[PDB]
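Everything below concerns the one structure shown next.
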Amino acid sequence: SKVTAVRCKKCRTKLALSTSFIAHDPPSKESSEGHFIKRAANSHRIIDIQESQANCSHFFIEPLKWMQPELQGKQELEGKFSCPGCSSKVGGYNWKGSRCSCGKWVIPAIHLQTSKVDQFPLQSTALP
Amino acid sequence: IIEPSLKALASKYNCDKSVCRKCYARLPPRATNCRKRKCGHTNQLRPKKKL
Amino acid sequence: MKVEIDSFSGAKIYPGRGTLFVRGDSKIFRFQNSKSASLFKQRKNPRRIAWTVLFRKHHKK
Amino acid sequence: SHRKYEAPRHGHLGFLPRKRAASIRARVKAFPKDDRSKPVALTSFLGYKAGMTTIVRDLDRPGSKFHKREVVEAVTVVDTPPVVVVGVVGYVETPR
Amino acid sequence: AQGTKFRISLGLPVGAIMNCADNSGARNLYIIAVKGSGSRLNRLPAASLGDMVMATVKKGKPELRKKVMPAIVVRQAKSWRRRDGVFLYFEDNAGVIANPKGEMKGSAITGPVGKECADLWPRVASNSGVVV
Amino acid sequence: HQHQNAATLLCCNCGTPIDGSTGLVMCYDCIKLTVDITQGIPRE
Amino acid sequence: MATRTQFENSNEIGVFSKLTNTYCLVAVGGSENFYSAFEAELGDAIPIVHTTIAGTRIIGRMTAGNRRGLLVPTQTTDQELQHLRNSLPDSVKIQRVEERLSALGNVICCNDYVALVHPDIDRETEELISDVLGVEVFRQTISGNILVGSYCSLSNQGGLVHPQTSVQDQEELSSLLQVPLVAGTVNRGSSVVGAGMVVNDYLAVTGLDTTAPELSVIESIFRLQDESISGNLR
Amino acid sequence: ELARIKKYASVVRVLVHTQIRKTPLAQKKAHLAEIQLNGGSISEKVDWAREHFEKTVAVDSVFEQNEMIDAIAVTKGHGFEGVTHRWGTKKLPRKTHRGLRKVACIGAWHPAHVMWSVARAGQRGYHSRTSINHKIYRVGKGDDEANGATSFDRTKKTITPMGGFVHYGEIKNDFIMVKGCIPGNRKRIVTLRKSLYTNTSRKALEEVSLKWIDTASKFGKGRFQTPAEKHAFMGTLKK
């Protein structure tokens, strides 16, 4: 295959290239991690069961160069960031988790939601 | 990002309250009776549900 | 503020006066009063009605 | 039996009685709030209504569909001749 | 979902049969109800130019017939006031059928289109040949 | 030399290649599961 | 290149705006976010003119013009006329045109070189289109639709046309226009492709509900598409 | 007496009357009225009226343009009126024996009296009404030939239409031209008042410059503004 590029919608900027993507592809599908469990206040009381979505709605990328002014200045344990020219909520950083909509866990994530960003090929035109 | 030193400061006024079962009023946690007069000063109190 | 002539006879229409008529083949007709409007529904010919301007232009008055 | 189809009232109750007013000159029930910082002037004035005529102006209201747009509108001309002063009358305040 | 429109005169009550301007097979429309109408005892809800009305097709292709589907009014025979001053009126009543989003099933509109209908609905203003 | 290279339509939902005319420009595998399905009923 | 934005809450852009090579027109009742999409990416290259035509906000469908000229309908008031001639440069020519087919943008689809017009347009007009724009005028209909403006977006590089069009009909238009032609959809499958988007040599603006497979097809035929700040610093 | 007002007397009115002789009405009897004064330091109020005994008080000194005023006048009269047009009630159907322009059910069995709230026939009109929030557009001078003239119009005319105001006559006096209807018919005395509350919202602050004033004949379907341009359009006439 060829290399792919992730351009921001309404910013039109290449946020992240290929040679990235810790994609974590298979879900768990067993009862404790493929299912979303909503506990209660006490006694591990399960009130809600949510089945996972089909495709993981994120892009798990490495810490990049243009996140360095946001990651160093006011470093915290969680937050969000933007396109560098339109200031819209594009992705967030979380050192905790936030598995995928489809679910595993990962490592500390730089989660980049597949809504309001899209994926392009960096190579030449398809010529249909 | 809440910095849970401040959440414990916030939980005292909102979460750490007791609820009357009858009149649903927001009562202090170590209180015995409801302060409202419309429910007859009842002693049937429950904790507020934690998130 | 624009002054449009009558489509029926010749008269000037000051703004906020008279009606307007869009015919079904997308043609715009303007009328100054109810007199020249009601003579349009009766299919009357303005070259034969004496008080019209187009009559007097035809007969060189 | 109940009214079986609910409907609002016909007419207004704070405009009763519909009786003939005592004179063609209508009274002023209330004059505006006195502010003693400003200089001396009048609060009301008399005129005779004449008729109506139509007007054309440029409406200047931002964030409207009719912004910088001509609207025709109907105005009333009230004939307002100059008025001459013949007396003063001073009112004291009582509990009544 | 209806945008702001200045009030014009109400000229199509419930029961009216208006013509069908587009080319989706239908020939006329039977108005049954008007979106956004009020409530008063014994008052029929009425349409105007630019309103979105519920209408059934009485005459046309049998695929379109016997189902209620909303429609946009594009001409009006009752005269109405425009703010610049003139009173204008078309020759006949007309409408185009639409999905409840406001997109239009018709490919093109014959005859003239009312100007206030064009600004209120963008998809009508795409398909319109003549706008007044 | 008239070059109308277009591969008439691609798709709406997914990125799959050439569809046809007359309508239905949505790649049938998408319309089976994705958009609504407009059944909208209880099946039990 | 390929930007997506929306007027007040509507996806379509070519209804509410007109993008050319040398100038650009926008409707008046918009947010700052709608205008910022045009102001940032165009910059000070071309003037973005706020205006209205015939008391409306749909100036994309009412007007029709290119690099050299601009045509306005008869219902255009004289106050709206002088606001155009001031802001637009000296090179562009502005002419009021006496039509029975009032909405000029749906009727006329044009660029620097070739124009397509609605076939029921009359002979005295066809001289005035050629005289003002400096463009050869052709009468043709896209396969099922007389309205060549709303159902065929066109520019100097290429042209995006109505989806329900046969290949042999796309061939006959390609010979006449001398540009390659692609059928496509815009705004999650709307057939209204001329009013769904605007385009010139540098920029192509679409609705937000355009999906990324649709936007990839748009950028290809227009050939607008073509990085150090991205990098791996762990 | 004037010293007695200076000591006591919190509020001070002023008795004024109109100049009815500079008016084309048949009446020769002036209307007397009171006007309260909203100056300061009530010694200064009575000192102002001490000077203005038998002095004229102009219009432009009181009101200006764009100011929201209140019109208080007496409604047109209509005599004894039936229950339909007076209150706006429903008419009975066609099949009714002895009357259809009536109200059917006056009231229930109990209370065995006719309530005050129900609709009933009587006098309609000729009441006092207060209509608030009217915007003044023009305060014209009387001894001025540019009443109807505007910067955008540029023609010498009064606001008097061709043939005068219908049933009124010759406006050649100072005039207030205010937007929208005022209660009262023509020839009626109208009392104008300053607004009670300062109104900000968006509408009071807007300033108006007129384009054009309509001075065509109001006596019906008037097709010319000024008699100068009637003669240019038609040409020579026999008379």
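By order in the structure tokens, chains are A, B, ...; within a chain, residues start at 1; ligands start at 1, following the order shown.
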key: Within 6 Å of stretch 11-20 of chain D using only C-alpha atoms, minus same-chain residues under 4 positions, as a ChimeraX atom specification   = /H:87,126-127
Print the selection's residues with C-alpha atoms to a file, as a PDB file, in the first residue's frame.
ATOM      1  CA  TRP H  87     -67.516  42.799  21.171  1.00  0.00           C
ATOM      2  CA  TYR H 126     -66.448  58.133  21.767  1.00  0.00           C
ATOM      3  CA  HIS H 127     -64.388  56.934  24.739  1.00  0.00           C
TER       4      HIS H 127
END
inquiry  = DSSP on the backbone, strand (DSSP E) only: what residues of stretch 20-195 of chain G does that give? Format it as number ranges by chain.
reply    = G: 24-26, 48-50, 64-65, 69-72, 93-96, 108-110, 114-117, 136-139, 152-154, 159-161, 181-183
ask   = Leaving out stretch 4-7 of chain F and any residue of its chain fewer than 5 positions from it, which residues lie within 12 Å of it when counting only C-alpha atoms, given as a ChimeraX atom specification?
value = /A:126-128 /F:16-21 /G:158-161,163,165-184,217-218,220-221
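Among the candidate residues E:127, E:93, E:48, E:99, the one lying nearest to residue E:68 is E:99, with distances computed using only C-alpha atoms.
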task = Compile the residues of chain H that lie within 6 Å of chain D, evaluated using only C-alpha atoms, and express the compilation as a ChimeraX atom specification.
result = /H:5,9-16,18,37-40,53-58,73-74,87,126-128,173-180,186-194,196,210-214
message = Need to verify the contact set: residue A:110, 6 Å, only C-alpha atoms, exclusion of same-chain residues closer than 6 positions in sequence. Can you return it as a PyMOL selection string?
response = chain A and resi 60-61+93
inquiry  = List the spatial neighbours of residue B:37 as a ChimeraX atom specification - criterion: any atom at most 12 Å away, only C-alpha atoms, same-chain residues fewer than 5 positions off excluded.
reply    = /B:22-23,25,42
Write to file, as a PDB file, in the first residue's frame, the residues of the selection just made, with C-alpha atoms.
ATOM      1  CA  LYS B  22     -41.266  12.180  51.795  1.00  0.00           C
ATOM      2  CA  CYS B  23     -40.633  15.770  50.727  1.00  0.00           C
ATOM      3  CA  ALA B  25     -35.646  18.104  50.643  1.00  0.00           C
ATOM      4  CA  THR B  42     -40.394  13.081  60.061  1.00  0.00           C
TER       5      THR B  42
END
inquiry  = Show me, as number ranges by chain, every residue of chain E with an atom at most 12 Å from chain H, counting only C-alpha atoms.
reply    = E: 41-43
Using N, CA and C atoms, can you export the residues from the last selection as an mmCIF file, in the first residue's frame?
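To be explicit, this is the file written out as out28.cif:
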data_model
loop_
_atom_site.group_PDB
_atom_site.id
_atom_site.type_symbol
_atom_site.label_atom_id
_atom_site.label_comp_id
_atom_site.auth_asym_id
_atom_site.auth_seq_id
_atom_site.Cartn_x
_atom_site.Cartn_y
_atom_site.Cartn_z
ATOM 1 N N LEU E 41 -61.037 28.112 18.373
ATOM 2 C CA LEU E 41 -62.271 27.380 18.127
ATOM 3 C C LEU E 41 -62.875 27.774 16.786
ATOM 4 N N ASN E 42 -63.197 26.757 15.980
ATOM 5 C CA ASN E 42 -63.823 26.841 14.659
ATOM 6 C C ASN E 42 -62.961 27.492 13.581
ATOM 7 N N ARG E 43 -61.685 27.745 13.839
ATOM 8 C CA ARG E 43 -60.837 28.346 12.819
ATOM 9 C C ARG E 43 -60.121 27.286 11.992
#
For residue C:12: contacts at 12 Å, only C-alpha atoms, fewer than 3 positions along chain excluded, given as an mmCIF file with N, CA and C atoms, in the first residue's frame:
data_model
loop_
_atom_site.group_PDB
_atom_site.id
_atom_site.type_symbol
_atom_site.label_atom_id
_atom_site.label_comp_id
_atom_site.auth_asym_id
_atom_site.auth_seq_id
_atom_site.Cartn_x
_atom_site.Cartn_y
_atom_site.Cartn_z
ATOM 1 N N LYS C 2 -38.527 54.381 -7.013
ATOM 2 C CA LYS C 2 -38.608 54.374 -8.462
ATOM 3 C C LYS C 2 -40.059 54.558 -8.875
ATOM 4 N N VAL C 3 -40.262 55.316 -9.946
ATOM 5 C CA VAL C 3 -41.580 55.579 -10.501
ATOM 6 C C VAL C 3 -41.745 54.742 -11.760
ATOM 7 N N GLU C 4 -42.739 53.859 -11.754
ATOM 8 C CA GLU C 4 -43.024 52.973 -12.873
ATOM 9 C C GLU C 4 -44.300 53.421 -13.561
ATOM 10 N N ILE C 5 -44.297 53.369 -14.890
ATOM 11 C CA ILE C 5 -45.490 53.695 -15.655
ATOM 12 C C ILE C 5 -46.494 52.556 -15.562
ATOM 13 N N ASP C 6 -47.761 52.872 -15.822
ATOM 14 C CA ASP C 6 -48.807 51.863 -15.886
ATOM 15 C C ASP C 6 -48.550 50.919 -17.050
ATOM 16 N N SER C 7 -48.805 49.631 -16.832
ATOM 17 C CA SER C 7 -48.738 48.698 -17.949
ATOM 18 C C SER C 7 -49.982 48.802 -18.812
ATOM 19 N N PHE C 8 -51.091 49.276 -18.244
ATOM 20 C CA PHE C 8 -52.304 49.352 -19.044
ATOM 21 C C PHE C 8 -52.299 50.572 -19.953
ATOM 22 N N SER C 9 -52.261 51.788 -19.389
ATOM 23 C CA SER C 9 -52.524 52.946 -20.223
ATOM 24 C C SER C 9 -51.281 53.789 -20.389
ATOM 25 N N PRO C 15 -44.788 55.235 -5.348
ATOM 26 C CA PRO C 15 -44.678 54.056 -4.482
ATOM 27 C C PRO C 15 -45.751 54.008 -3.406
ATOM 28 N N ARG C 17 -48.896 52.442 -4.015
ATOM 29 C CA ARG C 17 -50.093 52.788 -4.770
ATOM 30 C C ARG C 17 -50.379 51.731 -5.823
ATOM 31 N N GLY C 18 -51.614 51.247 -5.876
ATOM 32 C CA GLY C 18 -52.005 50.346 -6.938
ATOM 33 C C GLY C 18 -51.481 48.936 -6.785
ATOM 34 N N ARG C 30 -48.206 45.904 -14.279
ATOM 35 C CA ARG C 30 -48.407 46.875 -13.217
ATOM 36 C C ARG C 30 -49.683 47.656 -13.482
ATOM 37 N N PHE C 31 -50.404 48.004 -12.425
ATOM 38 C CA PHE C 31 -51.622 48.784 -12.571
ATOM 39 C C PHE C 31 -51.610 49.925 -11.573
ATOM 40 N N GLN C 32 -52.200 51.052 -11.961
ATOM 41 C CA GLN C 32 -52.172 52.215 -11.084
ATOM 42 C C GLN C 32 -53.383 52.251 -10.162
ATOM 43 N N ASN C 33 -54.555 51.865 -10.656
ATOM 44 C CA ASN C 33 -55.780 51.972 -9.878
ATOM 45 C C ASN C 33 -56.666 50.768 -10.164
ATOM 46 N N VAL C 53 -53.225 56.690 -22.492
ATOM 47 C CA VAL C 53 -52.158 57.437 -23.152
ATOM 48 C C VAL C 53 -51.846 56.827 -24.511
ATOM 49 N N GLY H 222 -55.725 59.818 -6.257
ATOM 50 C CA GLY H 222 -54.983 60.962 -6.759
ATOM 51 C C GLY H 222 -53.740 60.516 -7.499
ATOM 52 N N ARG H 223 -53.627 60.931 -8.754
ATOM 53 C CA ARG H 223 -52.552 60.465 -9.608
ATOM 54 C C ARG H 223 -51.460 61.494 -9.847
ATOM 55 N N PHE H 224 -51.450 62.607 -9.116
ATOM 56 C CA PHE H 224 -50.416 63.624 -9.253
ATOM 57 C C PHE H 224 -50.049 64.176 -7.888
ATOM 58 N N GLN H 225 -48.761 64.477 -7.685
ATOM 59 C CA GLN H 225 -48.342 65.028 -6.399
ATOM 60 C C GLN H 225 -48.566 66.531 -6.332
ATOM 61 N N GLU H 229 -46.939 69.723 -11.824
ATOM 62 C CA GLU H 229 -46.562 68.638 -12.723
ATOM 63 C C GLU H 229 -47.780 67.959 -13.334
ATOM 64 N N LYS H 230 -48.978 68.275 -12.843
ATOM 65 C CA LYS H 230 -50.183 67.847 -13.545
ATOM 66 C C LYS H 230 -50.282 68.519 -14.901
ATOM 67 N N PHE H 233 -47.878 66.984 -17.590
ATOM 68 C CA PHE H 233 -48.210 65.657 -18.095
ATOM 69 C C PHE H 233 -49.337 65.722 -19.114
#
